[PDB]
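Before any comments, here is the structure.
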Amino acid sequence: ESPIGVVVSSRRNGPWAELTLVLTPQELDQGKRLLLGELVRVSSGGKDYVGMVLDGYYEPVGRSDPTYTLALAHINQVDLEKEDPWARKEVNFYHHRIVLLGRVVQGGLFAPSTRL
Amino acid sequence: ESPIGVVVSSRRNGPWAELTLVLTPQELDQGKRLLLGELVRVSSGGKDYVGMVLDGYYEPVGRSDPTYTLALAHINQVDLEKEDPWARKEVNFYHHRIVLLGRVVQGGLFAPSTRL
Amino acid sequence: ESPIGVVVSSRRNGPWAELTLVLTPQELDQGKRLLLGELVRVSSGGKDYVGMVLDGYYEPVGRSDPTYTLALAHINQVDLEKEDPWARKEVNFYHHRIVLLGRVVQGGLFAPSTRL
Amino acid sequence: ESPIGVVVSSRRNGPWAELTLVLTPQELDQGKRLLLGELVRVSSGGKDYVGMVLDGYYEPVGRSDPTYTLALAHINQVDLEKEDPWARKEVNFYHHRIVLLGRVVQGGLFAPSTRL
Amino acid sequence: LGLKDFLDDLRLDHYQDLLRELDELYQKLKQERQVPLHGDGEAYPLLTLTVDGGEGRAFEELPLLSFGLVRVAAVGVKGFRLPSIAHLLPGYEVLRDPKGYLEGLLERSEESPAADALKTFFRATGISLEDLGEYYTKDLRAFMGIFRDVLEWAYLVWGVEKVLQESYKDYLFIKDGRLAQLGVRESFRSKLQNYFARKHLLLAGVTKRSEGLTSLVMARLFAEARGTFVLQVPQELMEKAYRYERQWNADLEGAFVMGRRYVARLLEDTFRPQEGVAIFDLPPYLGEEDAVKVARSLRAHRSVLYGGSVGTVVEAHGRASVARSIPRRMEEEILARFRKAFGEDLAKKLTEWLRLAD
Amino acid sequence: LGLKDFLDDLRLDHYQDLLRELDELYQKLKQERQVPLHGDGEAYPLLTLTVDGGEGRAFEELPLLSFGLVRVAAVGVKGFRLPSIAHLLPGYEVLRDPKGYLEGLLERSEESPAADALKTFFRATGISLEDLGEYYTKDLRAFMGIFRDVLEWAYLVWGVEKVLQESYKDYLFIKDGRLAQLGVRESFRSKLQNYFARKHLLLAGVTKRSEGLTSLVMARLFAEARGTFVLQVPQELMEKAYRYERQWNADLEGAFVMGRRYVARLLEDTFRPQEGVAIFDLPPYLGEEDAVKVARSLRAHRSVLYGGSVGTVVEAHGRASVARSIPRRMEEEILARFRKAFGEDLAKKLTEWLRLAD
């Protein structure tokens with residue numbers, strides 16, 4: 001009953017609308033994941049849309065160097081989870097792309113895509 | 001009776017003229033929106049043009065990191081519309097692209113595109 | 001019995017999931033190498049996948065200038081294997097790309113690719 | 001007998017492996033050059049490979065502005081060889097690309113390309 | 001742009017005045033004795049100390065709503081090292097009362113390595129807070145530097161007395177910076193110089209660059225001289241350097257080296273005029289043969305990282321460095337720990353104030 | 001990276017009284033009259049003065065081989081502006097040994113514009129070279145700032161005396177920075193004040209933000225503030241800011257505003273808490289009505305460039321600014337003039353030094 005992540009961007013790509021979702025360290029630690037091709041609900045302006053998860057990639061958030069951080073931790077035999085919880089909170093993010101398929105109309109016919 | 005947004009750029013993209021429009025946090029909070037494919041009036045140099053809304057995308061305005069700000073707000077669990085108005089007021093912009101089709105002249109005739 | 005390198009990034013590149021592995025100076029000094037086209041095991045979320053080494057390239061790690069460091073060492077006839085441990089340790093990294101093919105399940109049946 | 005330059009990068013470029021070589025001001029002043037298409041020996045990890053010189057180009061090394069330096073020296077009527085030995089020492093590098101074709105093994109056999 | 005405004009009354013006589021002292025100094029240096037370093041000799045392990053730090057946001061102009069971080073670390077040969085010591089200075093508390101925070105810190109001395117090192121440093125050589133003078137209480141800018149310097153000295157003394165009380169005599173102790181202390185009374189320098197004297201500590205201070213004029217002339221000297229070598233800096237040049245630095249910054253008065261200076265060449269070849277040059281200082285109880293030995297050790301631990309370095313210096317500096325992410329994460333931790341003690345009401349207004357002001 | 005080495009012994013017991021005192025200041029603000037600042041209103045014209053400075057490469061590391069550029073420029077609304085005074089201070093010259101350079105410049109037989117302005121300022125205001133005290137003779141870092149401040153004051157006085165003999169009677173002179181002079185004696189301030197009162201100058205010093213400004217608590221209380229308005233900063237806020245400045249920086253004995261301080265609002269929508277706020281200081285001989293009129297003029301010249309600027313201030317700052325190509329070409333031109341006024345051997349030796357360092 002709670003949002004999976006946080007929406008950080010939206011755009012119109014070709015004939016479709018896409019938005020970008022970010023999964024945070026706490027949600028990734030809780031075990032919450034999104035499968036590719038999964039159907040999700042998108043709430044916007046009091047309206048519910050059906051969306052599909054299309055993509056997934058790792059990107060740095062903020063002013064950080066995940067490669068250097070992880071390599072240094074591996075070199076110095078530093079177990080992030082148990083020894084440096086703070087260094088593990090700044091690199092544990094993930095990105096997803098979600099396409100808006102349309103809007104379900106109760107007592108009516110499915111409305112494809114969106115202009116808003 | 002007032003302009004919807006602010007024009008921030010213009011160019012010739014092929015055989016058509018296009019311009020970029022920005023909607024600010026105040027206008028977005030007032031519920032103002034632009035639908036894709038919608039017809040708008042464009043005032044320039046004392047002349048009126050017909051335009052169509054072609055695209056819409058999110059882009060940072062000024063010196064800001066919307067991803068970091070929104071992710072931090074989500075992590076700390078702060079209602080962004082009730083606890084952090086100033087954080088909400090620096091990320092809530094939106095971009096649109098508008099193409100000029102022509103203008104109406106004399107006895108209802110249409111002058112297509114433009115050289116200006 | 002132990003992991004080879006450190007994973008620093010992952011994504012989906014078309015129909016296949018891929019990740020990036022980094023071999024550190026100590027591992028490279030111990031003689032640990034990955035052959036192109038070799039099959040490796042990938043452990044994620046307590047599950048085992050089969051992966052293949054696809055690519056390999058050199059990339060600076062951190063805020064270093066490998067070209068300048070190596071040229072300045074070269075013009076002084078400095079053997080980095082014997083005289084400049086710090087300079088060698090700052091530049092001896094290496095990158096690899098690994099694609100996930102699928103996994104073994106139940107009585108050995110193969111599930112191709114992945115959605116996670 | 002001594003090595004020609006200094007290797008500063010390597011990677012896999014399609015069906016072949018390639019590396020990047022840099023020639024320094026001292027070697028260039030000694031008159032050492034590499035012909036395009038020439039065959040060279042590559043020593044790596046106790047093994048000998050055959051390589052071919054494919055490319056050559058100029059690139060700044062370190063923190064320098066070769067165009068500004070050379071233009072200013074020309075404007076001020078300065079001879080780099082005589083008046084400024086130090087300005088000629090920071091811009092006189094050259095870059096080459098070398099592709100590894102394979103290695104000679106056992107009783108005069110050839111192992112094509114490489115996986116390391 | 002209007003450059004012709006600056007060309008109205010150009011004067012070109014001070015340039016001729018300047019191109020006399022530089023030449024005199026060059027001729028003075030050409031009379032020094034160069035001692036070669038034939039890639040061999042007598043070398044013994046290095047133990048290097050370094051101190052770094054950082055400041056949170058708004059500390060530069062709003063220190064009352066920020067803090068500061070200072071961390072000191074050391075590294076030795078054989079994989080040897082020491083535990084690091086880090087401290088956080090609350091900007092608001094310190095800014096309103098210097099010497100009111102230092103004494104409070106010194107009194108706790110329960111577990112904090114900073115307070116333990118300070119007490120050990122004071123009791124190992126009989127240095128009192130009156131010896132620190134009055135420069136460090138004038139304002140926070142002076143207090144931060146004095147705190148860093150005193151903490152590094154305390155770290156060195158504490159490491160000499162508590163971690164290596166028998167195995168200290170076989171190491172060469174390296175300090176990143178000149179063997180000098182500014183902003184303290186002569187008693188501080190005398191007591192340090194006599195505590196090192198009664199222990200015969202093998203201490204050398206390597207400064208690299210800050211120094212500017214000495215490097216300017218030594219680059220010209222090296223351009224001629226061929227081969228790595230070590231030579232002593234003349235007092236005639238030292239006094240001119242001291243005069244110039246004092247005139248450029250009065251607060252540098254009393255920052256004279258507590259010993260003698262030497263310059264050594266570490267790299268045979270370079271791409272820039274001032275690469276591979278190590279300037280170090282030795283206490284007065286170390287002779288010229290000891291200087292030669294220390295130069296051999298430094299050349300044996302040479303590196304080509306930052307255009308010719310000592311390797312151990314860069315390693316220690318990297319270990320003691322503080323990532324920019326640390327000041328930002330410290331605020332997020334401190335605010336949570338403050339809320340979980342003061343309630344969910346008094347914590348909201350702190351965040352509101354922070355949002356309104358930087 | 002190494003966190004948790006700072007967490008131990010956080011000592012967060014001061015954020016309580018910090019917020020208590022901040023709330024006290026906010027309460028003091030809440031009882032301040034907010035004179036409306038509607039768009040209309042009789043306003044004066046404007047005449048804005050500004051000063052900028054540039055530095056040649058290696059001025060900090062080697063101030064004995066470089067020099068400094070100072071440019072003072074004034075703009076009258078749009079185009080009724082004064083000339084621009086530009087001066088080059090060679091690093092070696094007499095900057096290393098101040099208190100003689102000023103004499104040589106003032107007694108300039110040529111009387112270049114920089115010296116002429118200082119002559120006029122001194123003679124008109126009655127301020128002698130002994131009012132500057134010995135702070136400017138402390139060292140070059142203090143000398144540069146003191147010289148720039150005195151140059152701006154002299155430019156103002158010279159513009160009032162020799163370029164606007166009577167017109168100044170119907171202008172509002174705007175000087176960037178607070179109406180405060182640091183590093184001089186009380187006699188200097190008294191002379192400036194009495195001259196300004198004698199001429200009934202309309203002078204307001206406009207500032208935005210850093211020195212240490214807790215006075216930007218206006219960031220709060222501008223929310224739900226009903227657009228634009230004018231207000232006077234309370235004495236408690238002024239005293240707290242002054243004490244914080246003198247506890248954070250020192251050398252700030254002279255920082256008190258020579259008159260009153262007012263805060264006005266130029267923009268009602270900002271996107272950010274602290275945009276479009278003007279902070280102007282008025283001389284002791286101006287009433288509260290003068291403050292309202294000055295605020296009306298400031299709003300009439302408002303801009304949206306740097307987050308609610310004053311417009312003429314940004315225009316002036318954009319004219320006296322010095323590009324770096326200016327110092328580069330200055331170095332080259334000085335080298336050429338040295339070559340053509342002395343021997344080519346001498347010029348080549350100087351160039352060799354400049355190549356071997358800075």
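Ligands are numbered from 1 in the order shown, chains are lettered A, B, ... in the order of the structure tokens, and residues start at 1 in each chain.
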Next item on the list: Any chance you could list, as a list in words, the residues in chain A that come up helix (DSSP H, G or I) when DSSP is run on the backbone?
Entry: residues 25, 26, 27, 28, 29, 66, 67, 68, 69, 70, 71, 72, 73, 74, 75, 80, 81, 82, 83, 85, 86, 87, 88 and 89 of chain A
Note to self: Run DSSP on the backbone and tell me which residues of chain A come out as strand (DSSP E); list them as number ranges by chain.
What the structure shows: A: 6-13, 16-23, 39-44, 47-57, 94-103, 111-112
Note to self: Neighbouring residues of residue 18 in chain E were defined as those with any atom within 10 Å, considering only C-alpha atoms; residues of the same chain fewer than 3 positions away were excluded. Please report them as a PyMOL selection string.
What the structure shows: (chain E and resi 13-15+21-23) or (chain F and resi 64-65+92-93+350)
Would you export the selected residues with C-alpha atoms as a CSV table (one decimal), in the first residue's frame, please?
chain,number,residue,atom,x,y,z
E,13,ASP,CA,63.3,49.6,-12.6
E,14,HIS,CA,62.3,47.2,-9.8
E,15,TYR,CA,62.8,44.4,-12.4
E,21,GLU,CA,69.5,39.3,-5.7
E,22,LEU,CA,68.5,36.2,-7.7
E,23,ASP,CA,71.9,36.2,-9.5
F,64,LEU,CA,57.9,39.4,-5.9
F,65,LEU,CA,57.6,38.5,-9.6
F,92,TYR,CA,58.4,43.5,-5.9
F,93,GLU,CA,58.4,47.3,-6.0
F,350,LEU,CA,64.3,37.6,-16.8
Notebook entry, point to check: Which distance in Å separates CA of residue 351 in chain F and CA of residue 78 in chain D, to one decimal?
Noted result: 11.6 Å
Interface rows for chain E against chain C: nearest pair, Å to one decimal, 12 Å, only C-alpha atoms, as a Markdown table:
| residue | atom | partner | partner_atom | distance |
| --- | --- | --- | --- | --- |
| E:39 | CA | C:83 | CA | 11.3 |
| E:227 | CA | C:76 | CA | 11.8 |
| E:228 | CA | C:76 | CA | 11.7 |
| E:266 | CA | C:76 | CA | 10.3 |
| E:267 | CA | C:76 | CA | 6.9 |
| E:268 | CA | C:76 | CA | 6.1 |
| E:269 | CA | C:76 | CA | 5.6 |
| E:270 | CA | C:72 | CA | 6.8 |
| E:271 | CA | C:72 | CA | 7.6 |
| E:272 | CA | C:72 | CA | 10.4 |
| E:275 | CA | C:72 | CA | 10.2 |
| E:276 | CA | C:72 | CA | 10.5 |
| E:299 | CA | C:83 | CA | 10.7 |
| E:300 | CA | C:83 | CA | 8.4 |
| E:301 | CA | C:84 | CA | 8.1 |
| E:302 | CA | C:84 | CA | 7.3 |
| E:303 | CA | C:84 | CA | 5.7 |
| E:304 | CA | C:73 | CA | 6.3 |
| E:305 | CA | C:87 | CA | 5.7 |
| E:306 | CA | C:69 | CA | 8.2 |
| E:307 | CA | C:72 | CA | 7.7 |
| E:308 | CA | C:72 | CA | 8.9 |
| E:309 | CA | C:87 | CA | 10.1 |
| E:310 | CA | C:86 | CA | 9.7 |
| E:311 | CA | C:86 | CA | 6.1 |
| E:312 | CA | C:86 | CA | 8.3 |
| E:313 | CA | C:86 | CA | 10.5 |
| E:314 | CA | C:86 | CA | 8.5 |
| E:315 | CA | C:86 | CA | 7.6 |
| E:316 | CA | C:86 | CA | 11.3 |
| E:318 | CA | C:86 | CA | 11.2 |
Dump as a PDB file, in the first residue's frame, selection limited to C-alpha atoms:
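See selection-v6.pdb below for the written result:
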ATOM      1  CA  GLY E  39      71.067   4.300  -5.800  1.00  0.00           C
ATOM      2  CA  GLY E 227      72.856  13.371 -11.319  1.00  0.00           C
ATOM      3  CA  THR E 228      70.806  12.948  -8.156  1.00  0.00           C
ATOM      4  CA  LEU E 266      65.068  12.196  -6.551  1.00  0.00           C
ATOM      5  CA  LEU E 267      64.409  11.814 -10.297  1.00  0.00           C
ATOM      6  CA  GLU E 268      67.077  11.666 -12.992  1.00  0.00           C
ATOM      7  CA  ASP E 269      64.672  12.845 -15.711  1.00  0.00           C
ATOM      8  CA  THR E 270      61.537  14.980 -15.696  1.00  0.00           C
ATOM      9  CA  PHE E 271      59.124  16.781 -18.007  1.00  0.00           C
ATOM     10  CA  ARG E 272      58.821  19.917 -15.833  1.00  0.00           C
ATOM     11  CA  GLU E 275      59.832  17.686 -10.461  1.00  0.00           C
ATOM     12  CA  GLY E 276      61.606  15.127  -8.300  1.00  0.00           C
ATOM     13  CA  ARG E 299      65.500   8.387  -2.468  1.00  0.00           C
ATOM     14  CA  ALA E 300      65.046   4.684  -1.693  1.00  0.00           C
ATOM     15  CA  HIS E 301      61.354   5.366  -0.977  1.00  0.00           C
ATOM     16  CA  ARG E 302      60.875   7.627  -4.006  1.00  0.00           C
ATOM     17  CA  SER E 303      57.735   7.653  -6.150  1.00  0.00           C
ATOM     18  CA  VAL E 304      56.645   9.126  -9.478  1.00  0.00           C
ATOM     19  CA  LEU E 305      53.031   9.824  -8.525  1.00  0.00           C
ATOM     20  CA  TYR E 306      52.834  13.620  -8.141  1.00  0.00           C
ATOM     21  CA  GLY E 307      55.820  14.455 -10.313  1.00  0.00           C
ATOM     22  CA  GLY E 308      58.222  12.815  -7.877  1.00  0.00           C
ATOM     23  CA  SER E 309      57.173  12.058  -4.304  1.00  0.00           C
ATOM     24  CA  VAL E 310      58.096   9.897  -1.309  1.00  0.00           C
ATOM     25  CA  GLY E 311      55.304   7.349  -1.739  1.00  0.00           C
ATOM     26  CA  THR E 312      54.796   6.941   1.992  1.00  0.00           C
ATOM     27  CA  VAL E 313      53.759  10.598   2.183  1.00  0.00           C
ATOM     28  CA  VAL E 314      51.057  10.109  -0.454  1.00  0.00           C
ATOM     29  CA  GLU E 315      49.918   6.861   1.180  1.00  0.00           C
ATOM     30  CA  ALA E 316      49.551   8.518   4.587  1.00  0.00           C
ATOM     31  CA  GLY E 318      45.339   9.318   1.246  1.00  0.00           C
TER      32      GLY E 318
END
Notebook entry, point to check: Within 10 Å of residue 26 in chain C, counting only C-alpha atoms, which residues qualify if same-chain residues fewer than 4 places away don't, as an MDAnalysis selection string?
Noted result: (chainID A and resid 75) or (chainID C and resid 30:32 89 92:93)
Writer output for current selection, N, CA, C and O atoms, as a PDB file, in the first residue's frame:
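Result file is selection_22.pdb:
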ATOM      1  N   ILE A  75      39.632  -3.859  -1.832  1.00  0.00           N
ATOM      2  CA  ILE A  75      41.076  -3.939  -1.624  1.00  0.00           C
ATOM      3  C   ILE A  75      41.398  -4.001  -0.137  1.00  0.00           C
ATOM      4  O   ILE A  75      42.195  -4.835   0.309  1.00  0.00           O
TER       5      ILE A  75
ATOM      6  N   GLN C  30      48.697 -11.377  -8.312  1.00  0.00           N
ATOM      7  CA  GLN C  30      48.664 -12.798  -7.996  1.00  0.00           C
ATOM      8  C   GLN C  30      48.514 -13.675  -9.230  1.00  0.00           C
ATOM      9  O   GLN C  30      48.585 -14.902  -9.111  1.00  0.00           O
ATOM     10  N   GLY C  31      48.307 -13.086 -10.404  1.00  0.00           N
ATOM     11  CA  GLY C  31      48.196 -13.851 -11.628  1.00  0.00           C
ATOM     12  C   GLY C  31      46.796 -14.251 -12.025  1.00  0.00           C
ATOM     13  O   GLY C  31      46.640 -15.113 -12.895  1.00  0.00           O
ATOM     14  N   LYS C  32      45.771 -13.651 -11.426  1.00  0.00           N
ATOM     15  CA  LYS C  32      44.387 -14.009 -11.708  1.00  0.00           C
ATOM     16  C   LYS C  32      43.928 -13.300 -12.976  1.00  0.00           C
ATOM     17  O   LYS C  32      43.992 -12.069 -13.064  1.00  0.00           O
ATOM     18  N   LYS C  89      50.267   0.427  -7.865  1.00  0.00           N
ATOM     19  CA  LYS C  89      48.985   0.156  -7.233  1.00  0.00           C
ATOM     20  C   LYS C  89      47.909   1.151  -7.628  1.00  0.00           C
ATOM     21  O   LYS C  89      46.725   0.803  -7.590  1.00  0.00           O
ATOM     22  N   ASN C  92      47.210  -0.174 -11.697  1.00  0.00           N
ATOM     23  CA  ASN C  92      47.020  -1.564 -12.118  1.00  0.00           C
ATOM     24  C   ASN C  92      45.611  -2.049 -11.770  1.00  0.00           C
ATOM     25  O   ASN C  92      45.380  -2.758 -10.794  1.00  0.00           O
ATOM     26  N   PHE C  93      44.663  -1.659 -12.617  1.00  0.00           N
ATOM     27  CA  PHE C  93      43.288  -2.139 -12.581  1.00  0.00           C
ATOM     28  C   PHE C  93      42.936  -2.696 -13.953  1.00  0.00           C
ATOM     29  O   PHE C  93      43.661  -2.487 -14.927  1.00  0.00           O
TER      30      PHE C  93
END
Next item on the list: Work out how far CA of residue 181 in chain F is from CA of residue 201 in chain F, in Å to one decimal.
Entry: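 Interatomic distance here is 17.5 Å.
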Next item on the list: Return the neighbours of chain C among the residues of chain A, cut-off 6 Å, counting only C-alpha atoms, as a PyMOL selection string.
Entry: chain A and resi 35-36+56-58+67-68
